[PDB]
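Asker: One structure follows; several queries about it will come next.
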Amino acid sequence: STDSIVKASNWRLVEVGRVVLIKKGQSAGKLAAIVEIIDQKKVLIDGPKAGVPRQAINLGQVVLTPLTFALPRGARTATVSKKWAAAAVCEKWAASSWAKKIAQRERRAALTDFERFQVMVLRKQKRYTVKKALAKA
Amino acid sequence: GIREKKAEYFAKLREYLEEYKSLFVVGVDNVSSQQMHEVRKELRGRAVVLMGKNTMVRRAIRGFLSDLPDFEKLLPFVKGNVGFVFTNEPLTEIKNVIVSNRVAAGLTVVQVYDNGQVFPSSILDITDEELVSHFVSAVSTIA
Amino acid sequence: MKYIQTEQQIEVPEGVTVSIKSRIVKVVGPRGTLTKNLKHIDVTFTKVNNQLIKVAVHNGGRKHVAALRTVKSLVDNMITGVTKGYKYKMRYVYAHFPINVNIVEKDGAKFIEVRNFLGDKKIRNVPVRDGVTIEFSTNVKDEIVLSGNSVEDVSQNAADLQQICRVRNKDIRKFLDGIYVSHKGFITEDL
Amino acid sequence: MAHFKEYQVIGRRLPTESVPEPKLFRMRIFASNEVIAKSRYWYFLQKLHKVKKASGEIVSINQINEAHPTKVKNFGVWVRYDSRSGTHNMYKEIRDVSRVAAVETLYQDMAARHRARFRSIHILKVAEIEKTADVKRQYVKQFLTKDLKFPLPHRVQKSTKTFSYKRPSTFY
Amino acid sequence: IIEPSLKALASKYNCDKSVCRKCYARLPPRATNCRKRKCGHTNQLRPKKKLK
RNA sequence: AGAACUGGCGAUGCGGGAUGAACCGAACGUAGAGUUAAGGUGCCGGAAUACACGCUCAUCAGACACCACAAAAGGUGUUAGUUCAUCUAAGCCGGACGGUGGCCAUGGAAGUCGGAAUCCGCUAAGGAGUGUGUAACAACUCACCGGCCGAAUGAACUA
RNA sequence: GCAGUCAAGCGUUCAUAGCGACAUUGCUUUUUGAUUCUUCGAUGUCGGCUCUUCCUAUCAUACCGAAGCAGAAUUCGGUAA
Ligand SMILES: [Mg+2]
Ligand SMILES: [Mg+2]
Ligand SMILES: [Mg+2]
Ligand SMILES: [Mg+2]
Ligand SMILES: [Mg+2]
Ligand SMILES: [Zn+2]
């Protein structure tokens, strides 16, 4: 080669407008936005849409997502909502594998015993048509 | 104070601009212990020379943006260490009296101040030969 | 106190290409190519353009941060070594028994071989490091000159040559014999 | 000494026929319950006026809630404390969302760095610092810069089970 | 014998040094503290002594 | 070794302190269920490889009352703090010098053996040659030197 | 018995190369005391001989750093049993 090549770790940044997924507590499961950085360990977040109450949180009970939207720092709940909506944040999240697997895993867990049975029967059907394929080319 | 002292340099310098009409900026980069200085008493019926600490010297300039803006053209020659001959005339003879003090190998001038101009200095008026034969030399070339 | 970010800068000159992947740095220029493993320090590189690469520590304490500049330097000397190159010069210094110095080889090896040091019957040998090349000045008496792309390897090979002549059991202020580093600089760009 | 609440304590000397209506004094006290707060009120009053709680009374005790419990502020904290070998005044800064949140980290910090337990510290003053860059202390200024962002390298996820069928990564 | 300038060269190595007063380390001539842990990084240094 | 008050041991198991007369908890018929104390909860071992903010790296770390020791004194290790001073009129790279070997002494004696003062002063640098070389020339080279410089900086301290 | 801290002094000059007063912090348990816990229905004294092992506050030997180390000789100090 002849360009200088340097691959640089592309970390999710703690930053105003960074959107995070809450691991623990009562807002466990929901999305909130970082509004203002408090220190290397704490931030102010706010999840008006998911109804998670604007609060100081410890970064360790949150997980940074790849999504981020434009939000002035310090923005109060009202304007957090306006902006989150403008940005179509839930749209983007829903579209991710990450959000999809959570949904998948949620749906599995709600399956009835009868339902578990049907999935078996259907799987056995798919299997069948697959093994004959995987045998032809 | 030391911002009094910073200001102090500012105070006097402005005053010296406003006390002379000409100014020779003579370079005083390098050169040091006893010699020249003691000739300067003798030459202080013509000038004030002032040696001083550079960032201070520069900030004096900043304070003189208020008026007399032609001193801005001194500014690219502030560099290193330079020193003043506040002055009235000759800038090409008197100057040379000032210059002569005993060389080193020209002690030690490397820049000129000539009221918005920067000569050798060695040419300024001596025969009006750039005003009767060179203010009409393309009037000579074409009538 | 933990510094939230702190960074340094590495100018890449024309003609050289530095490429880094998991802290293994490869630097290539007109003189050659050097590599160096930086895995023992958590620093992160970032290329701004081909003239300029940055290095940061994130959220680091003092001793970590101290590692930053030193990475910059090591990488700087890689770049210099492969453009201007390195050259260290030495001098034999002896009050009486002249120090007799040659290159010799075994198994195509190459050693700096030192004879008669303070009148010693023993022979001293110093392996010549790979990459480093030995000359002998033509017009400075008793000179010896090591050069190459790697300051590390040139400088250590010079150190090896001087350490091998130490003078044991004598007042070393009176008995000053040795081979000492006398100048150090670049291959290209004056001397 | 725990999860802190801040109280107004207001007290006074008991009335005498000679002085009914004696002067009222207030302190803001950080403590975890109100029994501690009134204790603390008397501890300080006794060091400042001739009064023991046997000659005085507490007139009012009221919790003071943070006004803007989600604005982030930078607080100046003033503290007097005892070391193993003397006693010291000390100014520190803390970035937080509430005094009560700040004070609690003050106590942890005095414990971590100077080995000062609670009995050994007096809170002298605690104050929101109005203008940025009246902030004096690097380790809080750092956070005040414009468009501040940082990564969190080397993420360790806690595992729910003892064995794992893949070698984990620290990628954030 | 030995030109003045090489005696000087040799001395940067052999004699322009300072010495730890607790542990005797040969130390850089402008040093403030001993580099050695055994003497507690003492700053009790002295110049190495010059010949006659 | 000897007194004071109380509580203990001795006369007393039990739970904790690995162990242990005297510490901590708690005093005892035979048992069931629940709850705790002092003490603990990586594994030995019943009980969070729990949560939270820091601090610490020891080529001799440290780890819990009674208790199974450590001091004076030091550290440019790292942490947080204090005071003084500089700075919007951290801090960095060069300016630290003449009259007057001033006035007592005495190779010199200057700020620079020693005595008593240190008053004023002014703002710009080529050693009759460092060496090679010549009995001595020629040539090259270097001395009161720095570009300084860019919301902190310098010094002394506390633990 | 052994080792430090301060540094007035010694050391031609020079506190600390080597030393070190007045004071002052310690360490050791092959000195000697102080104590009287065990043993007076028993634990066989001193020295030597013989033999093994351990400590290190190192006398010799290995490699070093200091010096009032020119050389030789020494002395201080480190890693070392
Ligand atoms: Mg109280
Ligand atoms: Mg009281
Ligand atoms: Mg106290
Ligand atoms: Mg108190
Ligand atoms: Mg205790
Ligand atoms: Zn030392």
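Protein chains in written order, with the numbering used here: chain A, 13 to 149; chain B, 18 to 160; chain C, 2 to 192; chain D, 968 to 1139; chain E, 4 to 55. C-beta: ideal position from N, C-alpha, C; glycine also.
(1) How is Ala1094 (chain D) classed by DSSP in three states: helix, strand or coil?
(2) Return yes when the C-beta of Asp1049 (chain D) is under 7 Å from any heavy atom of ligand 4, and no when it is not.
(3) Check whether the Cβ of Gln73 (chain A) sits closer than 7 Å to any heavy atom of ligand 2, and report yes or no.
(4) For ligand 1, which residues count as neighbours when the test is a C-beta closer than 5 Å to any heavy atom?
(5) Just checking: is the beta-carbon of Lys54 (chain A) within a distance shorter than 8 Å of some beta-carbon in chain C?
(6) Any C-beta of chain C sitting closer than 8 Å to the C-beta of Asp15 (chain A)?
(7) How is the alpha helix (DSSP H) around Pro7 (chain E) delimited, first residue to last?
(8) Expressed to the nearest angstrom, what Euclidean distance is found between the alpha-carbon atoms of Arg79 (chain B) and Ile159 (chain B)?
(9) What are the boundary residues of the beta strand (DSSP E) that includes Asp1049 (chain D)?
(10) Check whether chain D comes within 8 Å of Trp23 (chain A), counting only Cβ atoms and requiring the distance to be less than that.
(11) Quick one: complete beta strand (DSSP E) runs, 3+ long, within the segment 42 to 127 of chain B?
(12) Starting from the beta carbon of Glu27 (chain A), find every residue of chain D whose beta carbon is closer than 9 Å, and list them in chain order.
(13) Where do the ends of the beta strand (DSSP E) carrying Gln1030 (chain D) lie?
(14) Enumerate in chain order the residues of its own chain whose CB-to-CB distance from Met1077 (chain D) is below 6 Å, with the five nearest sequence positions on each side excluded.
(15) For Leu123 (chain A), which three-state DSSP category applies?
(16) For the segment 4 to 36 of chain E, enumerate the residues whose C-beta is nearer than 8 Å to any C-beta of chain C, in chain order.
(17) What do you get for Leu146 (chain A), buried or exposed, if any count of 16 or more other CB atoms within 10 angstroms of its CB means buried?
(18) Is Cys102 (chain A) helix, strand or coil by DSSP?
(19) When DSSP labels each residue in this structure, what does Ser108 (chain A) get in the three-state scheme?
(20) Curious, which full-length beta strand (DSSP E) runs of at least 3 residues does the segment 33 to 81 of chain C contain?
(21) Going by alpha carbons, who is nearest to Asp46 (chain B) out of B:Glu36, B:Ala28, B:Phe101, B:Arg61?
(22) Tell me whether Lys1014 (chain D), by its Cβ, gets closer than 7 Å to a heavy atom of ligand 2.
(23) Exposed or buried, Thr84 (chain C), counting other C-beta atoms within 10 Å across all chains shown (16 or more means buried)?
(24) Hey, is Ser1131 (chain D) close to ligand 4, as in C-beta under 7 Å from one of its heavy atoms?
(25) Measure how close the beta-carbons of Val47 (chain A) and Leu56 (chain A) come, nearest whole angstrom, since I'm counting them as under 8 Å.
(26) Buried or exposed for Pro1118 (chain D), please, with buried defined as at least 16 other CB atoms from any protein chain shown within 10 angstroms of its CB.
(27) Please list, in chain order, the chain C residues whose beta carbon lies closer than 7 Å to that of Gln1105 (chain D).
(28) Let me make sure I understand the geometry here. Which of C:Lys40, C:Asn51, C:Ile180, C:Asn103 has the alpha-carbon closest to that of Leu9 (chain E)?
(29) Checking the sheet assignment: what are the DSSP bridge partners for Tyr1139 (chain D)?
(30) May I ask you to report which of helix, strand or coil DSSP gives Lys122 (chain C)?
(31) Have a look at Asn70 (chain A) and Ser1052 (chain D) and give me their C-alpha separation to the nearest angstrom.
(32) Please determine, among D:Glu1071, D:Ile1061, D:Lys1098, D:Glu1060, the residue with the shortest C-alpha to C-alpha distance to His970 (chain D).
(33) Got a sec, what are the start and stop residues for the alpha helix (DSSP H) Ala24 (chain B) sits in?
(34) In terms of residue numbering, what span does the alpha helix (DSSP H) encompassing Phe1011 (chain D) cover?
(35) Are the C-beta atoms of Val1064 (chain D) and some chain A residue less than 8 Å apart?
(36) Mind checking which residues open and close the beta strand (DSSP E) that includes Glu153 (chain C)?
Answerer: According to the structure data:
(1) Within the fourth sequence, the letter at position 127 stands for residue 1094 (chain D). In the structure shown, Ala1094 (chain D) sits in a strand (DSSP, three-state: E or B).
(2) Taking the fourth sequence and counting its residues from 1, one reaches residue 1049 (chain D) at position 82. Yes, the beta carbon of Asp1049 (chain D) sits closer than 7 Å to at least one heavy atom of ligand 4.
(3) Locating residue 73 (chain A) in the first sequence gives position 61, where the first residue counts as 1. The answer is no for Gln73 (chain A).
(4) Per the Cβ criterion, the list is D:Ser1006, D:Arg1007, D:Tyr1010.
(5) Numbered from 1 along the first sequence, position 42 holds the residue referred to as residue 54 (chain A). Residue-level contact by beta carbon fails for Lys54 (chain A) and chain C, as no gap is shorter than 8 Å.
(6) The count along the first sequence starts at 1 and reaches residue 15 (chain A) at position 3. Yes, contact with chain C.
(7) The residue given as residue 7 (chain E) occupies position 4 in the fifth sequence. According to the DSSP assignment, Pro7 (chain E) belongs to the alpha helix (DSSP H) that extends over 7 to 17.
(8) Within the second sequence, the letter at position 62 stands for residue 79 (chain B). Within the second sequence, the letter at position 142 stands for residue 159 (chain B). For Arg79 (chain B) and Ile159 (chain B), the distance between alpha carbons rounds to 47 Å.
(9) Looking up residue 1049 (chain D) in the fourth sequence gives position 82. 1040 to 1049 is the span of the beta strand (DSSP E), which, as asked, contains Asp1049 (chain D).
(10) Your numbering for residue 23 (chain A) matches position 11 in the first sequence. By this cut-off, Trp23 (chain A) is an interface position.
(11) The DSSP assignment places complete beta strand (DSSP E) segments of no fewer than 3 residues inside the segment 42 to 127 of chain B at 99 to 104, in order along the chain.
(12) For the purposes of this step, residue 27 (chain A) is identified with residue 15 of the first sequence, where counting begins at 1. Under the 9 Å cutoff, chain D gives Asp1114, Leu1115, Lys1116, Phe1117.
(13) In the fourth sequence, the residue the question calls residue 1030 (chain D) occupies position 63. For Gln1030 (chain D), the enclosing beta strand (DSSP E) stretches over residues 1023 to 1030.
(14) Within the fourth sequence, numbered from 1, the residue matching residue 1077 (chain D) stands at position 110. Within the same chain, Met1077 (chain D) has close Cβ partners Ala1083, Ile1088.
(15) Stepping through the first sequence from its first residue, residue 123 (chain A) is reached at position 111. Coil at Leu123 (chain A), not helix or strand.
(16) Result list: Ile4, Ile5, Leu9, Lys10, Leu12, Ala13, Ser14, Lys15, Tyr16, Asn17, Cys18.
(17) Numbered from its first residue, the first sequence carries residue 146 (chain A) at position 134. With fewer than 16 Cβ atoms within 10 Å of its Cβ, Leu146 (chain A) is classed as exposed.
(18) Your numbering for residue 102 (chain A) matches position 90 in the first sequence. Of the three classes helix, strand and coil, the one that applies to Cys102 (chain A) here is helix, per DSSP.
(19) Reading the first sequence from its first residue, position 96 is the one you call residue 108 (chain A). Coil, per DSSP.
(20) The qualifying runs are 33 to 38, 45 to 48, 53 to 61.
(21) If you number the second sequence from 1, residue 46 (chain B) lands on position 29. For the residues B:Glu36, B:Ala28, B:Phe101, B:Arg61, the minimum Cα distance to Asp46 (chain B) belongs to B:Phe101.
(22) Position 47 of the fourth sequence, counted from the first residue, corresponds to residue 1014 (chain D). Under cutoff, so the answer is yes.
(23) Counted from its first residue, the third sequence places residue 84 (chain C) at position 83. Buried, by the Cβ-count rule.
(24) Your numbering for residue 1131 (chain D) matches position 164 in the fourth sequence. No.
(25) Looking up residue 47 (chain A) in the first sequence gives position 35. Looking up residue 56 (chain A) in the first sequence gives position 44. Contact between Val47 (chain A) and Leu56 (chain A) holds, with the beta-carbon distance rounding to 5 Å and staying under 8 Å.
(26) In the fourth sequence, residue 1118 (chain D) corresponds to position 151, counting from 1. The residue in question, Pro1118 (chain D), is buried, as its Cβ has 16 or more Cβ neighbours within 10 Å.
(27) Walking along the fourth sequence from the start, residue 1105 (chain D) turns up at place 138. Against chain C, the beta carbon of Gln1105 (chain D) has neighbours under 7 Å at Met2, listed in chain order.
(28) For this step, residue 9 (chain E) is matched to residue 6 along the fifth sequence. Of the listed residues, the one whose Cα sits closest to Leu9 (chain E) is C:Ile180.
(29) In the fourth sequence, residue 1139 (chain D) corresponds to position 172, counting from 1. In the DSSP output, where bridge partners are listed per residue, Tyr1139 (chain D) has none listed.
(30) The residue you call residue 122 (chain C) lines up with position 121 of the third sequence. For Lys122 (chain C), the three-state secondary structure derived from DSSP is coil.
(31) Position 58 of the first sequence holds residue 70 (chain A). Position 85 of the fourth sequence holds residue 1052 (chain D). Spanning the alpha carbons of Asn70 (chain A) and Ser1052 (chain D) requires a straight line of approximately 36 Å.
(32) Counted from its first residue, the fourth sequence places residue 970 (chain D) at position 3. Ranked by Cα distance from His970 (chain D), the first of D:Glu1071, D:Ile1061, D:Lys1098, D:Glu1060 is D:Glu1071.
(33) Along the second sequence, one-based indexing puts residue 24 (chain B) at 7. Where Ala24 (chain B) is concerned, the enclosing alpha helix (DSSP H) starts and stops at 19 to 34.
(34) Counting from one through the fourth sequence, the residue named residue 1011 (chain D) turns up at place 44. Unbroken alpha helix (DSSP H) run through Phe1011 (chain D): 1001 to 1013.
(35) Sequence index remark: in the fourth sequence, residue 1064 (chain D) carries index 97 (1-based). So, interface residue.
(36) In the third sequence, counting from the first residue as 1, residue 153 (chain C) sits at position 152. Not the beta strand (DSSP E): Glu153 (chain C) falls in the alpha helix (DSSP H), residues 152 to 164.
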